[PDB]
């Protein structure tokens, strides 16, 4: 079952509300052909170099950042090119990305919301159209709609009445979410 972890600030907020606001704050790191010319909009794997239990990225617009958790791979020059695939079990949305592979992992200084047991596994075969690639590149490029659709499917799987338009305190009442600072 999907497990959701949220800050007391966003008690009254719906999941869609928060995800839109967060996407707006993060914006778009412009990770596209010709537009990746240093390390500022690449993000990082832990441990890396091209696979890890974490892929992390901080906004080049703001202090907003996310960490993707599971067993993630990036193919680069192996068909299909520029594919991010493997197991995604969690996403953490927060400010002030700290650490990295040198530090033994990434952590959010100020985590706002987290979704865990996503149970997404996208094979290399599916290239860019695997759910894992759509979700992560969505958060990279300022569109949280893939993540939203997945969270909505999980929420409806646990209970039909639950929705992306349920508040965090409503989902907490329904046993799904647990409140944090």
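Residue numbers count along the first chain shown, from 1.
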Going by the average Cα B-factor in the PDB entry, point out whether 109-117 or 125-133 comes out higher.
109-117
Please work out which of 160-168 and 13-21 has the higher mean CA B-factor as recorded in the PDB entry.
160-168
Sorting the chain's CA B-factors, does residue 154 end up in the lowest, middle or highest third?
highest
Of the three thirds of its chain by CA temperature factor, lowest, middle or highest, which one includes residue 76?
highest
